[PDB]
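Novice: Take this sequence and fold it.
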Amino acid sequence: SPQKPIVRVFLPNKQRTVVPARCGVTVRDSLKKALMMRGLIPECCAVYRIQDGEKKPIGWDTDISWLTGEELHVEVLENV
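Specialist: Numbers count the residues shown, from 1 in each chain. Sure, structure below:
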């Protein structure tokens with residue numbers, strides 16, 4: 001059976017996407033599709049992985065297979 005794990009991200013405005021945890025792909029490329037298919041852009045966003053009530057800001061050049069199957073968050077770089 002084709003076993004391909006996914007990653008549960010949360011896009012701006014309480015959106016959510018799951019993208020296959022590509023080993024050899026940055027969260028940039030992976031979530032790029034996620035945002036780009038949603039009319040959004042990763043450039044004005046950041047990735048986090050929430051542990052025990054704690055936010056771990058991830059790099060877009062970080063590989064998404066690191067965060068395989070974890071719930072990540074994509075928040076808007078909007079200083080308001």
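
Novice: Please enumerate the strands of the chain.
Specialist: Ranges of strands in the chain, per DSSP state E, are 6-10, 17-20, 45-50, 55-58, 71-76.

Novice: Show the contacting residues for residue 59.
Specialist: 27, 47 (CB atoms under 8 Å, 6 or more residues apart in numbering). All C-beta spots, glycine's among them, are computed from the backbone N, C-alpha and C.

Novice: mind redoing it with 6 Å?
Specialist: By CB atoms under 6 Å, 6 or more residues apart in numbering, no residues touch residue 59.

Novice: Around the spatially closest residue to residue 78 that is not a sequence neighbour, count how many other residues there are.
Specialist: Nearest residue to residue 78, sequence neighbours excluded (CB to CB, 6 or more residues apart in numbering): residue 44, at 7.3 Å. Applying other CB atoms under 10 Å, we find 12 residues neighbouring residue 44.

Novice: got it, and residue 41?
Specialist: By other CB under 10 Å, neighbour count at residue 41 equals 11.

Novice: tell me the phi and psi of it?
Specialist: Dihedral pair for residue 41: phi -130, psi 130, per degrees, to the nearest 10.
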